[PDB]
């Protein structure tokens, strides 16, 4: 039963004290039931609900320590607690915003098949409840039709500070796409457009990006020149190799009589 | 899925994890296809106990996929936990493939001068005489002789004719069978002469055996030695019918050469 | 009451006379992996039985075939053909003699009767028919109360037929394939028994185990019948099982029945719809669309087309549905002609009116991944229409004509269009010009001669299909 | 063989092509192009 292991619920981890106790206590769960390939008598599922909530706080300690494979591994565990063959479970306060966090990292990690199985594993309830689903899926719509306009304005609406950690990863997939989508695809842009979109107005970060294009800047300008050289044609090589395809075409004249 | 959990250094989560694996293995066969390298690493850990059961479930999943041959090598390196099971559809398909490997191994090794052979592993040759023990339990003789020619070798072929109540009629049209089938003269005549050995082990002084190998394996001294058995025997049926068999059914050169011997 | 004694005596005897007496010839024609000329014929008459006048559709006297053909279910020396002729003469228990009904009450000892009668002389499709045709043409009673487990017991004696199928006759039965065909349809009756109220928790691991027993060793038609189960029940009951395929994807050696192969390609294209892979999907769903031309006049080809063309709308381009409009489809408004009408427009009020007003029919759609990017497809359709119309256009025209409120939002739209490669534009990032343009050399110098390897590879593969067609007789 | 999931779940029909240009567009066509003479 184990009366309450979370006696310091608001004193989660200033150390690794309850993290070591958490490894021991999750191992006690592993000793006791095993996991959930069991039918259960629903009183051994009460400590499985406790196991859900302490794996939620283990996900919080995994994002506290930044162990992302253990974070997403415990997240896959909690999804298997919602893939748990009995839906008849008690209700936790994080029941949908855990799916929200999973959605946000799952969108940041550039997995779109994971995005559609996120919108397909439990489809019908994602529309109305949990604005931490709708604000991310309409935020995906904002990535679809008008990105680089609502990112900071969406960071301005997360009252539950666990989403800014993953939209920092979304800022990284913003900055690499700046690094692929404001130069070496255009003609020239001046310094103030890079000052607006590339914030903090002169770090070594936008300087890192401007030199990360493989390009040297002038004063108050960013040309996007010296690209798409020679007007390439591939002179006569398909003429050769497609006759080398005509070779096995003659082999297809050969295999039949 | 439930397999990435194994970052702990203690192995008891790995035994709990395989206790989960063999339990819910009936819905998750694709996940180990990403965990193939984890299977390899957990297999190559010696003091870690569950390398063998990893080899078991790796044979299971690669039998689902189609890697039946590394399933075969894993069944070999899956300990006695593999050989303890020989009653399933799984196990009959994989021992079919196993003694398939054994018989291609034996047909390859059988034409090598005195050695330099590929290592015939002990597990795939122990399940040979284990299946012969299953033949003895089933009491069946022709399945036993089928397995006895699967090895293409005299080891358990010697043991089918080492059994009790082996009727020499069935064992004699076994000569007919092996006469019309075996391609090379490398060991068809050796099967012939070991059967005439075991018929000289038969209590009746046999002469259909020497009557056949004398005109196939063409021995000039064996006809002289059964003639010395005639000198001992002093019958008149003894020097008559096998004499006629070689006298109208051997080479023109053969009897006219060997008659002075 | 005089007209319903002649008809089943005719049609049911022409069923089993042909069926049994020709399956005897089919299993004494020592090798036949293709022939099966009464197997598929009896399937053509059992799908017709589901139309027709069942084993007995309680046909107004007693429903007497059920106490008739499973008694003495024993095919001995050919006086048991005279036992079946006694089961012809005894068809007038309904009209001559005392009428005894033994449906749903004594069918369970009748389900025990093919074992209670003597040893099956290696003709299992008669007993497979006796394990399917009693209660599975009683699914059309639609009651499914306490007969769910009865129909399931008929499929348990089908599992006894699987015992006698792949646990008996260990030399090349080759009605193993005919029983694959029968067992497939009764697996869809497992669907019609469990899936009315539960899932097939037997046949989840037994779907995988029936794939196991028909993986390689005796796999013919079983693989994609079970894979249509695998790829059909695993749509409503959830996904990543399609991703469980993706390390063991295996299809037929030779393509099967045309309807079967068509609907299988339809299932995998509908899975690639939610995968949002639009390249393979359009050609495989087109193949599935044209490859199933036979459907009931209530529809079902407009069903397959309805749930087909939604991602084809999501392509960014799609032909007009003026070649698929059906009047009962017009009343059922299944793919919404108004939706693709609004696709051709750059309209937002009527398109979102379709959305909000017709969410009741979006219930039947169930593919709400369409809208969150299909609004994006509307604005991409607008910019595609305009940029395809104009040679050069600026942000001052389109960035406010389609009310994007700003130049730079249309710059991001054109940025994603060039990221899609649709337009060949350029933005003058000095004054606020889209200094758009068009590329050159649309002549046939280099492009069609390279596309002719697709064209002629198509041609030579159809040559080789003609060759393999030539190879069968 | 026909069903397997689905039993559970000249006119203007060719004029529809340019009628897609007639319904969303150009319904007062020579009521503006006919008035191009005197509007300007």
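We're sticking with Swiss-Prot numbering for chain C, so the shown stretch reads 25-497, in order.
Cβ coordinates are placed from backbone N, Cα and C, and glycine is handled just like the others.
When C:262, C:418 are looked up in Swiss-Prot, the one carrying the note phosphoserine is C:418; the rest have no such note there, which does not rule it out for them. Looking up C:38, C:80, C:84 in Swiss-Prot for SUMO1 cross-link, the annotated residue turns out to be C:38.
Of all the Cβ atoms in the protein chains shown, 19 others lie within 10 Å of the Cβ of residue C:418 (phosphoserine).
Calculated from their C-alpha atoms, the gap between residue C:418 (phosphoserine) and residue C:38 (SUMO1 cross-link) amounts to 77 Å. Residue C:430 (phosphoserine) and residue C:38 (SUMO1 cross-link) are 77 Å apart (CA-CA, integer value).
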